[PDB]
Amino acid sequence: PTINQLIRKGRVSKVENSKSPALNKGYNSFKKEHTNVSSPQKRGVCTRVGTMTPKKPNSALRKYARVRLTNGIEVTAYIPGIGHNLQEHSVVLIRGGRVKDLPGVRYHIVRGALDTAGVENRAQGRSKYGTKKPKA
Amino acid sequence: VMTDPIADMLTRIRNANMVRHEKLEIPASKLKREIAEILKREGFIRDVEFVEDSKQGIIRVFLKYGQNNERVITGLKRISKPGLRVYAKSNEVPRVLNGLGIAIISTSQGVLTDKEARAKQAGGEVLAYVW
RNA sequence: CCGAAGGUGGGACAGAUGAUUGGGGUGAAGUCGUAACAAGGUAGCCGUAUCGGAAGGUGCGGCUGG
RNA sequence: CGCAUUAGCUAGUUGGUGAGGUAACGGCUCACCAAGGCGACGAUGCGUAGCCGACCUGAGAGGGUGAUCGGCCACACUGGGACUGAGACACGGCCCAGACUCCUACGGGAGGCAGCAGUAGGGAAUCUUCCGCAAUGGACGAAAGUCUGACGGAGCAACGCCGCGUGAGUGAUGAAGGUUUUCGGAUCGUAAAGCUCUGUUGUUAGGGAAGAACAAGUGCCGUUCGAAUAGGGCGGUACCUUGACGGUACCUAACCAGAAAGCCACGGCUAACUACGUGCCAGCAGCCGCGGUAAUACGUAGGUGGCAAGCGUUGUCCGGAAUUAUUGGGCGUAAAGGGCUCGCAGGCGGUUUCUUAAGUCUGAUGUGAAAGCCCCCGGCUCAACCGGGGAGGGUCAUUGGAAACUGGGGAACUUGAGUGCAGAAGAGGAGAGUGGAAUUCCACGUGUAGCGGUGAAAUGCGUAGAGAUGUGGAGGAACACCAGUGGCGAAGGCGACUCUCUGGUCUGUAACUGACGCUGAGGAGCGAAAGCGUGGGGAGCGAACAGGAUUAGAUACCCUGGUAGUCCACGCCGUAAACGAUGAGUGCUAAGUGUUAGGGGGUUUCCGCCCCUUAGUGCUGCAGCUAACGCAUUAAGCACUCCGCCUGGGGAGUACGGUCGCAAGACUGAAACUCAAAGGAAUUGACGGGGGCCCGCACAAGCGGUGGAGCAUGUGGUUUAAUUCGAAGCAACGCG
RNA sequence: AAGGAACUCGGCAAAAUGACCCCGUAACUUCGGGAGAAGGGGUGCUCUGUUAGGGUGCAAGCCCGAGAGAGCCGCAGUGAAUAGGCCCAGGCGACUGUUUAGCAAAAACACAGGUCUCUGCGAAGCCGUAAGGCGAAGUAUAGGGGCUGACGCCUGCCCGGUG
């Protein structure tokens with residue numbers, strides 16, 4: 001536009017929304033309020049561990065665990081590797097990772113975490129999926 | 001209206017380039033006379049002539065197409081528009097197409113060119129790029 | 001005298017939660033039509049009113065993006 | 001610095017006089033008066049936040065951060081208060097009130113780690129309940145000394161940066177073995193082993209710094225005091241002392257390749273590929289998307305690649321992103337020109353000249369601390385780091401020069417703007433009056449059997465006499481022909497005629513003014529149609545509604561009827577595909593050609609031809625623009641000014657709030673969530689219940705059949721021990 | 001006393017508020033109201049004062065008496081008397097009115113409003129056998145009769161039967 005119009009209305013910068021907002025908050029217990037902590041990972045207790053499916057052409061059954069966190073929010077996370085330890089009421093550490101296939105799921109359960117055991121029979125991609133360098 | 005006549009003479013020269021006209025009548029204020037005198041002495045123009053009259057006067061410009069069809073003036077630009085004025089310090093005077101073009105810059109001692117204002121070490125309005 | 005706190009009171013803002021509800025989105029080859037895209041089988045759309053299970057129809061005015 | 005979906009906020013607030021109070025000026029506190037003060041340049045309110053030097057990113061402009069280090073601030077369990085003291089309204093002081101912990105003999109007491117360690121909790125998550133005052137500070141002392149969780153160090157953590165490593169030279173039996181193989185081999189590959197050899201590091205054992213200068217104590221010498229060589233101060237030497245770290249860094253000798261490499265990826269982006277297992281499962285994924293029996297994309301092995309005591313993932317910043325565009329984007333059709341005007345504030349301002357110096361440039365002075373980035377050298381074995389020296393960074397203050405430009409002030413000019421005069425044209429508007437067709441209805445004559453309507457009919461109307469036809473009357477609404485990419489208006493829009501009042505435009509100037517101009521958020525107005533209120537009006541039409549048709553249905557199209565409405569007066573709504581899907585102004589930038597209202601010229605008094613010029617209105621077109629279609633002097637070109645608006649699609653012009661409205665609604669206007677597209681223009685096709693042309697036993701024109709019966713034959717089902725398998729609309733079924 | 005609606009058909013009755021001045025005040029709203037909303041504060045006497053300020057007067061002197069300071073008494077200062085109780089929601093009726101004198105005061109009538117219909121003026125309708133009147137010394141914006149009831153948004157379908 002014109003310079004006077006740029007002076008009296010300005011350029012309004014585009015909104016930024018975080019891709020993973022349930023990590024982007026926190027909680028203190030006695031103040032009863034909902035702080036902005038911007039944290040990388042959150043442990044929470046499993047409320048429901050099932051499995052369910054994606055939507056369209058891609059058709060293979062996913063893994064799907066639902067976790068309530070330490071800030072108080074229940075989000076459906078994902079359990080990546082092949083064959084998982086988890087039950088209901090399981091302690092789970094959650095990183096931010098979008099699962100495109102299953103809708104509504106935008107976090108990963110960190111494998112190798114507090115209670116989520118490292119995966120079975122894996123030698124390639126060791127650090128992901130949690131497993132120790134086995135033996136040779 | 002007309003809102004600044006310097007930009008209008010620069011576009012009148014630019015449109016006369018793109019049409020490849022040979023003459024221009026411009027209503028000739030005094031800063032226009034100094035602009036066309038600078039562009040005369042820097043060889044962008046063949047010659048410039050003044051018509052002092054009653055209404056406002058006329059300055060006639062004779063655009064230089066030196067060889068086969070070669071616009072010696074390729075493009076003009078106005079830097080300080082009336083609504084964003086531009087002023088350069090002497091250690092910020094712009095050299096354009098690095099040396100091969102020029103900038104009409106009216107400093108405190110006369111409406112100067114680029115090199116003239118750089119060697120006189122004063123700054124002012126920065127009012128045309130001439131390529 | 002001032003005076004923190006406390007007390008009473010009437011308002012203001014903000015978050016939860018609430019039988020029930022209204023529109024929205026997404027989903028396994030579900031039901032009813034076929035409104036639009038072709039002259040889409042009544043040219044379509046815009047505004048507005050009205051009616052109708054529903055897309056929609058109809059009136060009036062406007063538009064070609066016939 | 002974020003919100004206007006926070007617009008009104010103040011009353012000791014805003015001033016005065018006087019007093020008190022203060023280290024001090026002051027509504028800082030009080031009396032008495034005055035009605036002030038802040039305000040779209042954003043008051044107030046709400047939300048968020050210690051500020052900065054600096055730090056990260058970036059080409060930079062910027063954007064984000066405010067850890068360490070350093071400056072200022074505020075706080076000390078929460079709120080209030082004072083005391084003392086030079087300085088506090090005081091982290092380790094006091095008094096009070098509240099919560100909490102503790103003790104109590106129940107009367108009353110004590111406490112405040114947001115000091116260094118540490119504990120518990122919250123958390124994805126961050127350390128030792130260490131040594132020393134040796135060094136640098138502090139406090140006190142005349143000093144020795146004491147105190148010092150500041151500070152020096154030490155410990156834990158790859159938490160970061162940096163530096164050295166896990167060997168090196170030679171080595172073809174390309175050993176064994178792995179993986180692959182068209183089984184010829186290729187590869188792991190000189191990489192192992194062979195030979196030779198180093199010791200940084202590993203370890204053992206010796207030697208052992210700088211960090212120390214001092215303070216104080218002596219002796220001198222010079223000197224000031226002194227009643228004096230006492231004695232003390234001050235300065236220079238000249239000695240004797242002092243280490244937590246710590247026998248630490250460091251140096252030197254001995255020994256053995258011995259102790260020392262992993263992580264991620266290999267489809268593309270993106271460097272790096274094969275094999276086996278799986279079979280849309282298990283799973284991968286940042287995206288495109290992999291995987292449904294030949295998976296370089298999944299899992300494993302080999303290999304390769306990247307880095308390397310790191311590597312990968314995550315979370316946030318910044319870049320990429322010209323994706324908020326000042327640098328550096330846009331709005332005809334992709335998102336985007338307000339429906340249009342009148343205009344306040346704001347922004348922008350034609351010409352000549354004098355002057356001013358606010359902006360601008362330049363000089364000097366101060367300053368923008370130290371550390372940091374940067375430059376130049378130096379020291380740590382190099383590096384990180386340290387150190388020295390400089391630079392840089394201000395719209396900064398004072399001061400001095402310039403006068404081109406912006407601005408200020410004065411004087412001049414006429415082009416822009418406007419007034420004057422002269423014509424011209426127009427459905428420009430508002431009020432009243434009048435007309436002629438036609439439509440309906442009414443009365444009467446003619447007269448007889450239909451009319452109406454449809455793709456076909458039927459409902460309706462009609463023998464109680466219709467439709468047709470002739471005459472008369474009532475009443476309403478629109479104004480054939482003119483009529484035209486013609487005119488006027490800002491837009492909506494405006495077509496009979498006539499008058500009344502009234503707005504604008506265009507043309508010719510020269511008489512005047514002399515920059516009076518442009519644009520314009522907010523405001524004020526106009527604003528099609530439908531709708532609303534009140535009162536009239538009702539001829540045609542016609543939502544709604546009813547009947548008849550059609551149809552599978554037909555709340556539709558069709559037909560027959562017909563309410564509101566259309567009409568008028570005033571008031572409200574305030575919306576349109578309100579369109580040129582194109583803001584207003586101005587200037588410049590080839591032509592050809594119609595046309596509307598003017599002007600002037602070259603012969604003619606004319607008719608009229610030609611030339612010339614305006615302003616409006618069409619088409620084709622050069623340069624130029626554009627993604628293309630196309631625009632092109634009526635721009636979508638080249639520019640300048642100003643305004644409005646856009647930043648993926650949906651949700652959604654939704655919800656909430658506010659304003660306006662009788663209402664319907666209008667305006668303002670998100671968010672959770674969701675997708676990797678939505679979109680424009682063009683191309684090739686295919687299709688059309690689109691147009692054109694054509695052809696074929698395709699249709700028609702005929703002739704004979706099939707479908708019915710009997711049987712032959714083949715096929716579906718069904719019966720089966722098996723009724724073998726294959727074909728399955730044309731293009732399977734007397735087929736293989 | 002203590003409790004306080006546990007009484008009860010139901011806070012019936014009783015208690016409570018109850019004056020003047022100042023402060024302050026919501027939802028909703030037809031913009032008027034709600035509203036005296038609510039919820040608070042002060043009310044004596046004395047001296048500063050025959051005052052600040054007014055009325056009359058030519059002045060004297062008479063009335064009216066805000067505000068402040070100082071102080072004094074009481075348990076208590078409109079010290080007696082008699083002068084709103086208030087708030088939240090719902091049904092009906094808009095409301096002010098009227099009504100069964102003597103059981104029912106209402107949600108019933110009435111109402112402004114709306115609508116339908118009649119009626120050309122010797123109107124229509126009404127009273128009376130009739131004269132004579134009312135309507136009305138009125139004339140469709142008038143006058144009777146039926147219905148519905150302010151206001152806001154609306155008021156759908158059926159003309160077969162009875163009118």
# chains A, B, ... in the order shown; residues from 1 in each chain; ligands from 1
$ closest_atom_pairs --of "chain D" --to "chain B" --cutoff "7 Å" --atoms "only C-alpha atoms (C1' of nucleotides)" --output "Markdown table"
| residue | atom | partner | partner_atom | distance |
| --- | --- | --- | --- | --- |
| D:348 | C1' | B:3 | CA | 6.8 |
| D:349 | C1' | B:3 | CA | 6.0 |
| D:351 | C1' | B:56 | CA | 6.4 |
| D:360 | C1' | B:124 | CA | 5.8 |
| D:361 | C1' | B:123 | CA | 4.8 |
| D:362 | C1' | B:122 | CA | 6.6 |
| D:402 | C1' | B:108 | CA | 5.5 |
| D:403 | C1' | B:108 | CA | 5.9 |
| D:404 | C1' | B:110 | CA | 5.0 |
| D:405 | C1' | B:125 | CA | 6.3 |
| D:414 | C1' | B:55 | CA | 6.1 |
| D:415 | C1' | B:55 | CA | 5.8 |
| D:416 | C1' | B:1 | CA | 6.8 |
| D:517 | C1' | B:1 | CA | 6.2 |
| D:518 | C1' | B:1 | CA | 5.3 |
| D:585 | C1' | B:1 | CA | 7.0 |
| D:586 | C1' | B:2 | CA | 5.1 |
| D:587 | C1' | B:2 | CA | 6.7 |
| D:588 | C1' | B:12 | CA | 5.4 |
| D:589 | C1' | B:15 | CA | 5.9 |
| D:623 | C1' | B:19 | CA | 6.3 |
| D:638 | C1' | B:15 | CA | 6.2 |
| D:639 | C1' | B:11 | CA | 5.7 |
| D:640 | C1' | B:3 | CA | 6.1 |
| D:641 | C1' | B:3 | CA | 5.7 |
$ closest_atom_pairs --of "chain A" --to "chain D" --cutoff "10 Å" --atoms "only C-alpha atoms (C1' of nucleotides)" --output "JSON lines"
{"residue": "A:1", "atom": "CA", "partner": "D:330", "partner_atom": "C1'", "distance": 9.0}
{"residue": "A:2", "atom": "CA", "partner": "D:642", "partner_atom": "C1'", "distance": 8.1}
{"residue": "A:3", "atom": "CA", "partner": "D:326", "partner_atom": "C1'", "distance": 8.8}
{"residue": "A:4", "atom": "CA", "partner": "D:347", "partner_atom": "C1'", "distance": 6.8}
{"residue": "A:5", "atom": "CA", "partner": "D:643", "partner_atom": "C1'", "distance": 8.7}
{"residue": "A:6", "atom": "CA", "partner": "D:326", "partner_atom": "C1'", "distance": 9.4}
{"residue": "A:8", "atom": "CA", "partner": "D:521", "partner_atom": "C1'", "distance": 9.9}
{"residue": "A:10", "atom": "CA", "partner": "D:324", "partner_atom": "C1'", "distance": 8.7}
{"residue": "A:11", "atom": "CA", "partner": "D:324", "partner_atom": "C1'", "distance": 5.0}
{"residue": "A:12", "atom": "CA", "partner": "D:324", "partner_atom": "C1'", "distance": 5.7}
{"residue": "A:13", "atom": "CA", "partner": "D:324", "partner_atom": "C1'", "distance": 5.1}
{"residue": "A:14", "atom": "CA", "partner": "D:324", "partner_atom": "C1'", "distance": 6.8}
{"residue": "A:18", "atom": "CA", "partner": "D:316", "partner_atom": "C1'", "distance": 9.5}
{"residue": "A:20", "atom": "CA", "partner": "D:315", "partner_atom": "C1'", "distance": 9.3}
{"residue": "A:23", "atom": "CA", "partner": "D:315", "partner_atom": "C1'", "distance": 8.0}
{"residue": "A:24", "atom": "CA", "partner": "D:315", "partner_atom": "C1'", "distance": 8.5}
{"residue": "A:26", "atom": "CA", "partner": "D:123", "partner_atom": "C1'", "distance": 9.5}
{"residue": "A:27", "atom": "CA", "partner": "D:122", "partner_atom": "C1'", "distance": 8.9}
{"residue": "A:28", "atom": "CA", "partner": "D:122", "partner_atom": "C1'", "distance": 7.1}
{"residue": "A:29", "atom": "CA", "partner": "D:122", "partner_atom": "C1'", "distance": 7.8}
{"residue": "A:38", "atom": "CA", "partner": "D:315", "partner_atom": "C1'", "distance": 6.8}
{"residue": "A:39", "atom": "CA", "partner": "D:315", "partner_atom": "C1'", "distance": 5.6}
{"residue": "A:40", "atom": "CA", "partner": "D:315", "partner_atom": "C1'", "distance": 3.6}
{"residue": "A:41", "atom": "CA", "partner": "D:124", "partner_atom": "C1'", "distance": 4.7}
{"residue": "A:42", "atom": "CA", "partner": "D:124", "partner_atom": "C1'", "distance": 5.8}
{"residue": "A:43", "atom": "CA", "partner": "D:124", "partner_atom": "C1'", "distance": 7.5}
{"residue": "A:57", "atom": "CA", "partner": "D:280", "partner_atom": "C1'", "distance": 8.8}
{"residue": "A:58", "atom": "CA", "partner": "D:280", "partner_atom": "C1'", "distance": 6.9}
{"residue": "A:59", "atom": "CA", "partner": "D:280", "partner_atom": "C1'", "distance": 5.4}
{"residue": "A:60", "atom": "CA", "partner": "D:280", "partner_atom": "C1'", "distance": 5.9}
{"residue": "A:61", "atom": "CA", "partner": "D:281", "partner_atom": "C1'", "distance": 8.3}
{"residue": "A:62", "atom": "CA", "partner": "D:283", "partner_atom": "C1'", "distance": 8.5}
{"residue": "A:70", "atom": "CA", "partner": "D:123", "partner_atom": "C1'", "distance": 8.6}
{"residue": "A:80", "atom": "CA", "partner": "D:283", "partner_atom": "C1'", "distance": 8.7}
{"residue": "A:81", "atom": "CA", "partner": "D:283", "partner_atom": "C1'", "distance": 7.8}
{"residue": "A:82", "atom": "CA", "partner": "D:283", "partner_atom": "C1'", "distance": 7.1}
{"residue": "A:83", "atom": "CA", "partner": "D:282", "partner_atom": "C1'", "distance": 9.4}
{"residue": "A:93", "atom": "CA", "partner": "D:124", "partner_atom": "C1'", "distance": 7.9}
{"residue": "A:94", "atom": "CA", "partner": "D:124", "partner_atom": "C1'", "distance": 8.8}
{"residue": "A:95", "atom": "CA", "partner": "D:314", "partner_atom": "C1'", "distance": 5.6}
{"residue": "A:96", "atom": "CA", "partner": "D:314", "partner_atom": "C1'", "distance": 6.2}
{"residue": "A:97", "atom": "CA", "partner": "D:314", "partner_atom": "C1'", "distance": 7.9}
{"residue": "A:98", "atom": "CA", "partner": "D:286", "partner_atom": "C1'", "distance": 9.4}
{"residue": "A:99", "atom": "CA", "partner": "D:285", "partner_atom": "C1'", "distance": 8.1}
{"residue": "A:100", "atom": "CA", "partner": "D:285", "partner_atom": "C1'", "distance": 8.0}
{"residue": "A:101", "atom": "CA", "partner": "D:285", "partner_atom": "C1'", "distance": 9.0}
{"residue": "A:103", "atom": "CA", "partner": "D:674", "partner_atom": "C1'", "distance": 10.0}
{"residue": "A:104", "atom": "CA", "partner": "D:674", "partner_atom": "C1'", "distance": 9.8}
{"residue": "A:108", "atom": "CA", "partner": "D:314", "partner_atom": "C1'", "distance": 9.6}
{"residue": "A:110", "atom": "CA", "partner": "D:313", "partner_atom": "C1'", "distance": 9.3}
{"residue": "A:121", "atom": "CA", "partner": "D:299", "partner_atom": "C1'", "distance": 9.1}
{"residue": "A:122", "atom": "CA", "partner": "D:299", "partner_atom": "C1'", "distance": 8.0}
{"residue": "A:123", "atom": "CA", "partner": "D:300", "partner_atom": "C1'", "distance": 7.9}
{"residue": "A:124", "atom": "CA", "partner": "D:300", "partner_atom": "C1'", "distance": 8.3}
{"residue": "A:125", "atom": "CA", "partner": "D:264", "partner_atom": "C1'", "distance": 7.4}
{"residue": "A:126", "atom": "CA", "partner": "D:263", "partner_atom": "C1'", "distance": 8.3}
{"residue": "A:127", "atom": "CA", "partner": "D:312", "partner_atom": "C1'", "distance": 7.1}
{"residue": "A:128", "atom": "CA", "partner": "D:313", "partner_atom": "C1'", "distance": 7.1}
$ interface_residues --of "chain C" --to "chain A" --cutoff "12 Å" --atoms "only C-alpha atoms (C1' of nucleotides)" --output "VMD selection string"
chain C and resid 15 to 16 26 to 28
$ residues_around --residues "residue A:113" --least-positions-apart "2" --cutoff "8 Å" --atoms "only C-alpha atoms (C1' of nucleotides)" --output "list in words"
residues 92, 93, 110, 111, 115, 116, 117, 118 and 130 of chain A
$ write_last_selection --atoms "N, CA, C and O atoms" --output "compact mmCIF listing (two decimals), in the first residue's frame"
# COMPACT_ATOMS: atom_id res chain seq x y z
N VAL A 92 3.92 -43.31 30.71
CA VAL A 92 4.27 -43.12 29.31
C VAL A 92 4.92 -41.76 29.17
O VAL A 92 4.42 -40.76 29.67
N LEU A 93 6.06 -41.71 28.49
CA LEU A 93 6.67 -40.44 28.15
C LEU A 93 6.39 -40.17 26.68
O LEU A 93 6.53 -41.07 25.84
N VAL A 110 7.47 -42.28 23.49
CA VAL A 110 8.91 -42.51 23.47
C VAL A 110 9.18 -43.94 23.91
O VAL A 110 8.76 -44.36 24.99
N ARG A 111 9.83 -44.70 23.05
CA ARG A 111 10.09 -46.09 23.37
C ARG A 111 11.47 -46.20 24.02
O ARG A 111 12.45 -45.67 23.50
N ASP A 115 8.42 -46.53 31.49
CA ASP A 115 7.79 -47.83 31.62
C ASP A 115 7.58 -48.51 30.27
O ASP A 115 7.41 -49.73 30.22
N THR A 116 7.64 -47.75 29.18
CA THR A 116 7.47 -48.28 27.84
C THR A 116 8.77 -48.95 27.44
O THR A 116 9.74 -48.26 27.12
N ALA A 117 8.80 -50.28 27.48
CA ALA A 117 10.04 -51.01 27.30
C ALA A 117 10.55 -50.89 25.87
O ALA A 117 9.78 -50.64 24.94
N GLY A 118 11.86 -51.04 25.71
CA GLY A 118 12.43 -51.12 24.38
C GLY A 118 11.92 -52.32 23.61
O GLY A 118 11.57 -53.35 24.18
N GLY A 130 14.26 -47.74 21.32
CA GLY A 130 14.70 -47.87 22.70
C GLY A 130 15.72 -48.93 23.02
O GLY A 130 16.27 -48.90 24.12
$ atom_distance --atom1 "atom CA of residue A:47" --atom2 "atom CA of residue A:78"
13.2 Å
$ atom_distance --atom1 "atom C1' of residue C:46" --atom2 "atom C1' of residue D:581"
12.0 Å
$ atom_distance --atom1 "atom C1' of residue D:366" --atom2 "atom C1' of residue D:401"
20.1 Å
$ select_by_dssp --residues "chain B" --states "strand (DSSP E or B)" --output "ChimeraX atom specification"
/B:24-26,45-51,58-63,65,71,76-77,81,84,87,102-106,111-112,125-130
